[PDB]
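Trainee: What follows is a structure written as structure tokens; I'll ask about it next.
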């Protein structure tokens, strides 16, 4: 057949996502929300324990059973609660059992636009794996965008500091990534446990979530980004287990574009670092930015090549030593957001500085191809343009 495979493979993750976010369709009650909270925590522990990702089907079936039991011994007002959690529990149980019996084993390893679609998917997966550190940084980015651009979370400094020492260090990055996933799960547990009605009502910032919908998205998107990173790592391992040159770049326009996109930061990196530092100093307008630009012009002082490289690990070190203290002093801005973005670019540079793996110039004095018709302009016209 055709449709039965597509309906039998995309079952468990979408059903768990529908069943876990369908909680809290009601007033202040601990009865129905803590089930979905413990379900999301169990899914996070299953993903992060790296051996029980799909090998606790007893626990999944027992969670479905407890959900159905609560939905059948609990439930214009008595027509949506029994239709939400009843059907949700039944669908979850059916999905979990069916997937475990056939879909889980098959997935695990113990008009022709579809080929282009799959090739673009594989290439985006490859770039995600190469940019896994960058993807984690983008998760730090949305973290601070909820933290320092929407509202400071419950000791958000701890998570932004986990990010801060995760950025420049590759020995830290995976372990502090998993510890950040764990701390975000604990933060979501404490967030959904704080909306109670027995509260009897500056280093804590318990914001007392009123509407019981807005005080969860800053942790829901966090766990969703951690789960998208874990799913991208798992799909990268699965696609690895299944299934131009740096000197040939100047042969075709496509080859030049490919050698650009592969190495867009390679011999451009410190340039873009200086550019992002300049944009941050322009945008912040503070004496903290005055000291930042002082150290930036000090880094620029060592014009000679390889001198800056020595100071660049110390550059990342005082960058994180400045940014973490800045966030803690703001606790008790968007300028700090772009400063964290600059520190992220500088950490990426401090990573890829030491890449020790790795003359048709008179051709580029006349136009013999499109590549050199643009090459001559870049070499000569740009100087006049500047």
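Going from the start of the chain as shown, residues are counted 1 onward.
Looks like electron microscopy, 4.5 Å, at least that's what the header says.
A Cβ is built for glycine as well, from the same backbone N, Cα and C atoms used for every other residue.
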Trainee: Looking at the candidate ranges 122-136, 182-196, report the one that Swiss-Prot labels transmembrane segment.
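Mentor: That would be 182-196, per the transmembrane segment entry in Swiss-Prot.
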Trainee: Would you kindly list the residues that approach the transmembrane segment (139-150) from elsewhere in its chain, counting only those six or more residues past its ends and only Cβ-Cβ distances under 8 Å?
Mentor: 156, 159-160, 163, 166-167, 217-218, 221-222, 225-226, 229, 327, 330, 333-334, 336-337, 340-341, 344
Trainee: Taking pairs 6 or more apart in sequence, does the count of Cβ pairs under 8 Å between the transmembrane segment (269-284) and the transmembrane segment (6-26) hit 3 or more?
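Mentor: Answer no, regions not in contact.
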Trainee: What else in the chain is close to the transmembrane segment (28-48), if you only count residues 6 or more beyond its ends and a Cβ gap under 8 Å?
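Mentor: Distant contacts of the transmembrane segment (28-48): 16, 19-22, 54, 56, 59, 63, 66-67, 70, 74, 81, 85, 178, 181-182, 185, 188-189, 192-193, 195-197, 212, 223, 226-227, 230.
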Trainee: Where, among 6-26, 154-167, 182-196, do we find the most CB pairs under 8 A to the transmembrane segment (214-241)?
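Mentor: Per the Cβ under 8 Å count, 182-196.
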Trainee: Return the stretch with the most CB pairs under 8 A relative to the transmembrane segment (154-167), choosing among 6-26, 182-196, 316-331, 334-355.
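Mentor: By the under-8 Å Cβ criterion, the transmembrane segment (154-167) pairs most with 316-331.
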Trainee: Restricting to the same chain and to residues at least six past its boundaries, which positions have a Cβ under 8 Å from a Cβ of the topological domain 'Cytoplasmic' (49-58)?
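Mentor: 96-97, 100, 104, 107-108, 234.
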Trainee: With DSSP, how much of the topological domain 'Cytoplasmic' (168-181) is helix, how much strand and how much coil, in residues?
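Mentor: Breakdown, helix to coil: 9 helix, 0 strand, 5 coil.
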